[PDB]
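Student:
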Amino acid sequence: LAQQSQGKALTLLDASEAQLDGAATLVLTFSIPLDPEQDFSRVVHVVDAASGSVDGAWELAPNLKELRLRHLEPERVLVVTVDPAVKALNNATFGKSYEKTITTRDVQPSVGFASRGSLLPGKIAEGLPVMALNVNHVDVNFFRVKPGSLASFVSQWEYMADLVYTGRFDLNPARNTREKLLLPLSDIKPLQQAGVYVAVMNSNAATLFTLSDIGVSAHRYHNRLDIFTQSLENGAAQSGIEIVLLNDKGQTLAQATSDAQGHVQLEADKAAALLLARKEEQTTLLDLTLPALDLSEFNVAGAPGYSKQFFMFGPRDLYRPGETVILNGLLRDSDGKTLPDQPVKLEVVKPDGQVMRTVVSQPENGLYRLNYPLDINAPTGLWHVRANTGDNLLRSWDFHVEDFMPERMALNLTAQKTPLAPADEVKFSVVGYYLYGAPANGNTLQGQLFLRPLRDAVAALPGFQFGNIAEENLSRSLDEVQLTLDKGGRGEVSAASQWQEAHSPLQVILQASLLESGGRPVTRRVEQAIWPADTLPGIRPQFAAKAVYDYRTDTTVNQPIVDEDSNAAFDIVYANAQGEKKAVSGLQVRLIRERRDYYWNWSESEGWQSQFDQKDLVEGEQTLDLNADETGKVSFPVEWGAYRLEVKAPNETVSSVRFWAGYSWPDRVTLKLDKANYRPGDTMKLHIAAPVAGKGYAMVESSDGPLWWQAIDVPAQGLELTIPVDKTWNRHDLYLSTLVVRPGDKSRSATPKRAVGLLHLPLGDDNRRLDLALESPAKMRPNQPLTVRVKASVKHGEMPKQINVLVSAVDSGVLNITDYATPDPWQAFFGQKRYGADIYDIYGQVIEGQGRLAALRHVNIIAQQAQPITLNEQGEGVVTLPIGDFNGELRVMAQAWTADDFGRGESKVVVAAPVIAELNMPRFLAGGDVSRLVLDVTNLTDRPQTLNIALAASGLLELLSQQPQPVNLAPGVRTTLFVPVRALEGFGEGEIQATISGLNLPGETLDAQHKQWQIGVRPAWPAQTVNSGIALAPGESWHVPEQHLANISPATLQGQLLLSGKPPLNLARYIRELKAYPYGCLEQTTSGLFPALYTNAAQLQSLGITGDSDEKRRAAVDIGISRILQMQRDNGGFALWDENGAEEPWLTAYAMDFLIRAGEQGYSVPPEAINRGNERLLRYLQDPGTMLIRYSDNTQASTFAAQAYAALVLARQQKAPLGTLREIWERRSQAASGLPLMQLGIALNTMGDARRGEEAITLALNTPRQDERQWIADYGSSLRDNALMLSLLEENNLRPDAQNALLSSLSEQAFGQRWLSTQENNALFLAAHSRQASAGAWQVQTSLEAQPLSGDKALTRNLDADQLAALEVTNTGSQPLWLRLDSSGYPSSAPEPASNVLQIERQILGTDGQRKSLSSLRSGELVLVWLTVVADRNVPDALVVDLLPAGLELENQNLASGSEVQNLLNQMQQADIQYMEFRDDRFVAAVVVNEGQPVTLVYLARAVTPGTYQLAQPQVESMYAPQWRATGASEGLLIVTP
């Protein structure tokens, strides 16, 4: 506002010092608010009359009248000056200069102990740190805690004593400066006597310290506690008693006395806070609630060591909404051996924490499997699969759900294929274009160049590596790329060579992103190979790469490794890019050993670091001569460690390959072992070395507790121990700990008294890994089975027995998104588990460690998993993987297991097509639309191609042009064909099939290329329906009313004829209308799900309905249940459109009702949802104030309805407090309908009080629904209420003579036709379902068949246009006949706009805000669609629908460059939008319409595919009073030009 300050000058009210936030602050207060823009420095300033300037940090309050300056040095003369300016907000300005002198006064005294104290003991323990400010002295009283009330006293602390005062310490700090001082206690004689003391002053006035000799160490486990008491003074070893206490409570949990070794063991979980160790008059305390010792610098990282190991894994961790998540599981013990068969409880968890599915997973041949179909609208984010094996230690397998947006543009980057000399510069050709056929003009290209080594430089020679792996400056970042492109699509990138010295093959990589408007770029990458010689050497090891762990990545990586002290063989070649193998003589072949000498190194910024110096030694040398077409084979003997084989040729070009001979590739206690890896029967030699000699103990332990331990005295020369390995040692979480302590409490040279050592105990085995060899071709073609041969090996011994293998194949990109590593079970079962104990200590706390190190370096996703196979006796097998289309790289993966052994295999397969064909088309089509499809064909072969393209249109789609002429494509060239098509009348899909003949390839015969695209086809106009019926007396005749035929086109005209000998109900119509409903709000989904629950296909076909093979139905119910769960709130309540939406109790009752019903029919629903739902219903019943019904007209009625429904739903479950039901029954007069009374009545009758139930029923049967149709939030009507009441009657076998009359009434009342709500349909379905109409005889003569139709049950029959156009019916029975005719089809003429209650209008603007014709639109043009809705009433259930023309596509943007446009937008920001959706063919929006308040909706849309498109009328209706409809005038057609 601030206008209220107008007319007022600017006077300074007060400049003074004041306390603010505990600090001395200079505050100026002016009369009126100032200019908040910080200009304070040249106008207002403070200057010390002695020290000059000071901090000028001028602060400004939330209030604008006060100017602040914080933190002023006390007792100083400040001169404050305000200059004539400051302006203020109303530019009133400060007249002239103002000067004021100030003295800043003194600060108030303060004293206190720096810390509340510690529990660390000392033999004398002097020095008490205190923070004193402006105080000359302090009096201190010293108490000694009574050994009796000691426990409770200390427990009062952290979560009753005598007095030994001395007091009066002389503290002389500088004036006005807080100083840190020490209170010495050495010269005090009545204090060095051991005990627990407390100092008190006269803000932390108290502190605690302890004098003692008992040094205490402790190792805690998840349910065990081991204590070691030794000497602080004379080395170590000590007896004495100790006890465990509670938090706050001084209650003793457990007690024990030290043995002759110092060791003690006590059973204790958490909630055991204070540890107390006593020996007569001596005492030492240890707080187990404080943080434990930091072991971040020790190699103690790894997975938890569970008793039962459950290895979960799959082909990937990145899925999209819609597709199915595949999960596999294997269960073993602590040493990877089989356990007795057992179930595992698996739960699916979506990002918000809510459970989506709960399955009791049973194994199948020892393999757990799970398939979770993600809903098409599933939330994006981090999902978990949560496994429970029985220990209630939840295992978690994370996986990502993400949705990817299309590209809508195309970028083409190409290079020169064949390698370049270092001198040459590198040229990349760029070609960008819009998908709809337009060239990308003036589009800015943003990329970057990179240089990398090229080791796989010859495709004709796989495995052979090239280049010196030790050559420097082969991996660096080159130039950035900014290219305006300019031309109609094309551009060029050029890279000058900074590489010359290179003796290895290189590749220069261009990675570039194409931009349309700085919104959603299209990125691509391309590489150019570079050789330092037309010919050069290549190396391929004869030995296979073995699988080994890599802690830097925590993934089991493949590495070239050979046995220690052995022979390494290699295949050498001398070759060129194309072809293979040339002649040469004098290849210099060296075996280089890479020696590394490690050493520790300390710094301030780093702490301690493990450094290492490297030296390359020549340990072998051969000389080789090669002929034409020869694979020279060399062999070098190796020993241990890292080697690399180097081959050099006379042209100074080098090629190197690194490998290993061993599978192994200061302020602490150094622990060393004689050998790496043991067995559970061997014996290990432990070398212990400490910086300073001392005493303590060594330990071998795990989780749960310790297995072995021995106290030790370590001299300053090291100490050697011998430890046996029991048979019970096989957990892989085994750690060897060591504690050493220096004798003296007081010592020079600093010296840390306590020192710790910690090492992982190797205990794995080298004969339990399945070595997997996956054999498959490096290249293949799409749409042909992928053959993968599995060959297993085990190094030592025989090829196990019955090796199970699970092979999979996934697009490498998807895997590369998440950096997904191929799962290995070996590392899962045998890998290094974490140190599962916490070390509490009394000696000085750890430094900080600084921390552990780290390492450093729409389309249908192809992702399959074959069934598990079993290898033969030789460990051989084969799997076939059907590959669909796809063009790129596949990572083939395999996990193998037996009962005891496990393994993992990787492989890579490049799927490439000789020619690629991409068909760009619109997102959908409407019947009659004419559209220009774009078919891009590109030849990827090395040869020129003459191709014959054959196109065919299937389904609701036809071609308009003649077949294409043959095309001549040069290698790498792309041609573009235009395919004009038209869509046919119908609701379905259209298919386009493309066939390419010719192609000519040497080496292959290759069948012709086939492709097929689908597109969705719907009618341009809403489906029209006509409903009529009549009663026929005997002899009476009837003919189809002309209304069923008028102005709607045949071949779209369906009919259903229902004949019955009793007042019928259109069951088929309800079912069909439910199944056809296209929107997925809660109530609609539920309502539509109800029929699929209680009706099988056998019952469906009787009503003239077919489809869904029942199992499909079950699947559909499951899907629906998921869709219901996806909208349950955190409180167990439900929402209408989304989980974050407002809560609606009635719907909660509804959805719950369906979920219980679904449970009853044998479907699976997670108990969390059921329970939270029931809790929410119970809270609806017991705490009605938690409710908040919106947009209601009678909150009482709403509340009552909700409570009644919830009452019934819980009553069905026998979970409804009767007292509450009665408490509600007393509020019956608030009921605005009979339905809640009925529901409540049933609940009462169910939970006991049958009387008040029957009363409630009888009352319901005489309580007409009453409301000026405002809302009530029950989603109801007279009709649906009557239906549901009849349903409740029929379901519980109550009043017959009433339900008969009401059934007839409902049959006749069901003529509120043409438009029913989903709720009404569901209600009517339930009423018709639970009905039993018994025997009702009828005979009839028709035009459908020569013979007469006859029956005793209501018969429904389908009719086509011909049967319906000429339908005649005549009753030939002895009794009356009820006849219903339901007709549906689409109009041959555009229907007239119509309105009722609601009004809808659509206008079309441009971005300039001016009206725009839908006939002059060019491709890529933007337009604003302006909808306006209005009504003379409050419609809280207004659903707006705007069918699109196929020429337009939506921009997904809510809230929506300037001007009058913004005047619309803002209005749209005033509308209360309950939901909004941007489909492929619709703009949908749920809104509430307020009386006399126009609702304004604007949305953005782009024109793309050129063509002539049908254009429908805007539509709006009330979802639950759908007689309130409006359609609003359309121009009829849309024209899009290129």
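Quick note, the sequence shown lines up with residues 50 to 208, 223 to 265, 273 to 735, 747 to 938, 956 to 1554, 1563 to 1644 if you use PDB author numbering.
Just so it is clear, CB atoms sit at the ideal spot from N, CA and C, and this is done for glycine as well.
Which runs of the alpha helix (DSSP H) spanning at least 4 residues fall entirely within the stretch 1347-1401, listed in chain order?
Tutor: Qualifying alpha helix (DSSP H) stretches, in chain order: 1348-1358, 1376-1389.
Student: Determine the contact status of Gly-1634 and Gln-1497, defining contact as a CB-CB distance below 9 Å.
Tutor: Result yes, Cβ atoms of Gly-1634 and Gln-1497 sit closer than 9 Å.
Student: Per DSSP, which one or two residues make a beta bridge with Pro-787?
Tutor: Paired residue(s): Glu-782.
Student: Taking contact to mean at least 3 C-beta pairs separated by less than 8 Å, is the stretch 433-451 in contact with the stretch 385-400?
Tutor: The answer is yes - the stretch 385-400 touches the stretch 433-451, with three or more Cβ pairs under 8 Å.
Student: Is it the case that the Cβ atoms of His-573 and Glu-722 are separated by a distance below 9 Å?
Tutor: Contact: yes.
Student: With contact counted as at least three CB pairs below 8 Å, one residue from each stretch, are the stretch 1111-1126 and the stretch 1481-1500 in contact?
Tutor: They touch, by the three-pair rule.
Student: Is it right to say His-768 is buried, meaning 16 or more other beta carbons lie within 10 angstroms of its own, or is it exposed?
Tutor: So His-768 counts as exposed.
Student: Terminal residues of the continuous beta strand (DSSP E) containing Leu-315?
Tutor: Element bounds for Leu-315: 311-316.
Student: Mark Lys-1160 as exposed unless 16 or more other C-beta atoms lie within 10 angstroms of its C-beta, in which case mark it buried.
Tutor: It counts as buried.
Student: Does the stretch 1498-1515 come within contact of the stretch 1198-1205, defined as at least 3 CB pairs closer than 8 Å?
Tutor: Flag = no, the stretch 1498-1515 and the stretch 1198-1205 do not touch.
Student: Could I get the ranges of all uninterrupted beta strand (DSSP E) runs contained in the stretch 125-169, with 3 residues as the minimum, in chain order?
Tutor: Listed in chain order, the complete beta strand (DSSP E) runs (minimum 3 residues) inside the stretch 125-169 are 126-131, 147-152.
Student: Taking the continuous beta strand (DSSP E) assigned at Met-991, which residues delimit it?
Tutor: Start and end: 986-995.
Student: What's the call for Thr-819, buried or exposed, on a 16-neighbour Cβ count within 10 Å?
Tutor: Buried, since its Cβ has 16 or more Cβ neighbours within 10 Å.
Student: Return the chain-ordered list of same chain residues with a C-beta closer than 8 Å to the C-beta of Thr-152, the five sequence neighbours on each side being excluded.
Tutor: The residues are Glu-124, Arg-125, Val-126, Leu-127.
Student: Let me check one thing: in DSSP terms, what residues is residue 24 bridge-paired to?
Tutor: The first residue shown for the chain is 50 and the last is 1644, placing residue 24 beyond what the model contains.
Student: Report the residue from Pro-796, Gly-825, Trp-789, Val-821 whose alpha carbon sits nearest the alpha carbon of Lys-808.
Tutor: It is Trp-789.
Student: Do you know whose CA, among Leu-657, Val-263, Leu-752, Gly-1317, lies nearest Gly-1346's CA?
Tutor: Checking every option, the nearest Cα to that of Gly-1346 belongs to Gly-1317.
Student: Would you kindly report the start and end of the unbroken alpha helix (DSSP H) that includes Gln-1461?
Tutor: Per DSSP, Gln-1461 belongs to the alpha helix (DSSP H) from 1459-1463.
Student: Taking all protein chains shown into account, decide if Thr-408 is buried (16 or more other Cβ within 10 angstroms of its Cβ) or exposed.
Tutor: When all chains shown are included, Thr-408 counts as exposed.
Student: Closest by CA to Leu-1442, which one among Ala-1463, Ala-1431, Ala-1305, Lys-1451?
Tutor: Selected option, being the one with the closest Cα: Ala-1463.
Student: Below 8 Å, can you find three or more Cβ-Cβ pairs linking the stretch 598-606 to the stretch 566-584?
Tutor: At 8 Å Cβ cutoff, the stretches touch.
Student: Where does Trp-1136 sit, in a helix, a strand or coil, going by DSSP?
Tutor: Strand, per DSSP.
Student: Identify, in the order they occur along the chain, each residue of the same chain with its Cβ nearer than 6 Å to the Cβ of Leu-840, setting aside the five sequence neighbours on each side.
Tutor: Closer than 6 Å at Cβ, skipping near neighbours: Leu-752, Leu-817.
Student: Would DSSP call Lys-1173 helix, strand or coil?
Tutor: Helix at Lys-1173.
Student: So what does DSSP say about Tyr-389, is it helix, strand or coil?
Tutor: Note: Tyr-389 maps to strand in three-state DSSP.
Student: Tell me whether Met-1019 is buried or exposed, calling it buried when 16 or more other Cβ atoms sit within 10 Å of its Cβ.
Tutor: Counting Cβ neighbours within 10 Å, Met-1019 comes out buried, since at least 16 surround it.
Student: Could you please give me the residues that DSSP links to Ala-1050 through a beta bridge?
Tutor: Answer is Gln-1091, bridged to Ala-1050.
Student: Of the residues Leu-199, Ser-1126, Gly-1070, which one's Cα is nearest the Cα of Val-1013?
Tutor: Looking at the Cα atoms, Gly-1070 is the closest of the given residues.
Student: Out of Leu-1522, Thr-1611, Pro-1489, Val-781, which one is the CA nearest neighbour of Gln-1621?
Tutor: Selected option, being the one with the closest Cα: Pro-1489.
Student: Which parts of the stretch 1184-1263 are runs of the alpha helix (DSSP H), unbroken and 4 residues or longer, counting only runs that do not cross its ends?
Tutor: 1195-1200, 1209-1223, 1243-1258, all fully within the stretch 1184-1263.
Student: Taking contact to mean at least 3 C-beta pairs separated by less than 8 Å, is the stretch 1202-1218 in contact with the stretch 1399-1409?
Tutor: At 8 Å Cβ cutoff, the stretches do not touch.
Student: Could you please give the first and the last residue of the uninterrupted alpha helix (DSSP H) stretch that includes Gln-972?
Tutor: First-last for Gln-972: undefined, no H or E at that position.
Student: Output needed for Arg-154: all residues of its chain with C-beta closer than 8 Å, excluding positions within five of it in sequence on either side, in chain order.
Tutor: Contacts found: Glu-66, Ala-73, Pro-123, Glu-124.
Student: Taking the alpha-carbon of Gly-537 as reference, which of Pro-523, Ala-530, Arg-546 has the nearest alpha-carbon?
Tutor: The shortest Cα separation from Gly-537 among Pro-523, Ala-530, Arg-546 belongs to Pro-523.
Student: Under 9 Å between the Cβ atoms of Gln-518 and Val-551?
Tutor: Yes, these two residues count as a Cβ contact at 9 Å.
Student: From the DSSP output, in three-state form, read off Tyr-228 for me.
Tutor: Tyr-228: coil per DSSP, three-state reduction.
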